[PDB]
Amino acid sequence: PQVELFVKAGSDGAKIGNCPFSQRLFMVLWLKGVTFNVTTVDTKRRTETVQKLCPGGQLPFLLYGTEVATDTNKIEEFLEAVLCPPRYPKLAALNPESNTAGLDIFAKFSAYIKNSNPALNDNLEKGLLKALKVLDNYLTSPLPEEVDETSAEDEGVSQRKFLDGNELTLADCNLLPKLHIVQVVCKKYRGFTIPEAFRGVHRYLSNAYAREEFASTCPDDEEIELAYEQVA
């Protein structure tokens, strides 16, 4: 059945633009293994067919067969329900927590890079670091799955590669596009890196950049930077 993902185009009007929700759905379709095409949209230069299929004008939108669906969270949950075993993998996380870990990081990052008032920098910046610390923590925590400490040098420390285990889940699809923007924009504009002592975070990102599902759906570094150039 025909699946076509509609995504934000970049500065040139055709390459993929900055947008973590676009990325998340793209990551979702990839991970399902279902065939799909992907279509980039210029919102200041909308095609006949784009107008015609989403008059509401929303991005991202999904065309499934002939039925249009909007709202990232709803499109994801639909795809998950629809694309089922035994044909397609279940992708939801198994630990309700994997769904909320790091969930507050993006807003904190946003409040921070948008702020222009020097006097209130340290608050926002320390808040962002704290929410990274809350994620790092979740990542180093052994999950129920694990419940076994093989090494002695690292007792009580998690070995897993992603939020919910050793496999990419729905939760990753949501956090990694957002985590990635955060890292790109903060580095570029402020010289702020995720401290190296956040070893869980750094392990997590090394593993996810070694997944083609994440790496090939990442907009150009340059494109994220341009998109944040004004607010920064």
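All residue numbers are counted from 1 along the displayed sequence.
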Can you tell me whether 5-13 has a higher mean C-alpha B factor than 210-218 in this record, or the other way round?
5-13
Regarding 171-179 and 185-193, which shows the higher C-alpha temperature factor on average in the entry?
185-193
Whose CA atom has the top B-factor in the entry, of 62, 163, 205, 27?
62
When you compare the CA B-factors of 107, 132, 120, 101 as listed in the entry, which one comes out on top?
120
Assert third(CA B-factor, residue 139) within chain per record equals lowest
Residue 68: CA B-factor among chain residues, third -> highest
Ranking the modelled residues of this chain by C-alpha B-factor as given in the entry, is residue 50 in the lowest, middle or highest third?
highest
Using the B-factor values recorded in the entry, state whether the Cα atom of residue 31 falls in the lowest, middle or highest third among the modelled residues of its chain.
lowest
For residue 111, does the deposited CA B-factor place it in the lowest, middle or highest third of the chain?
lowest
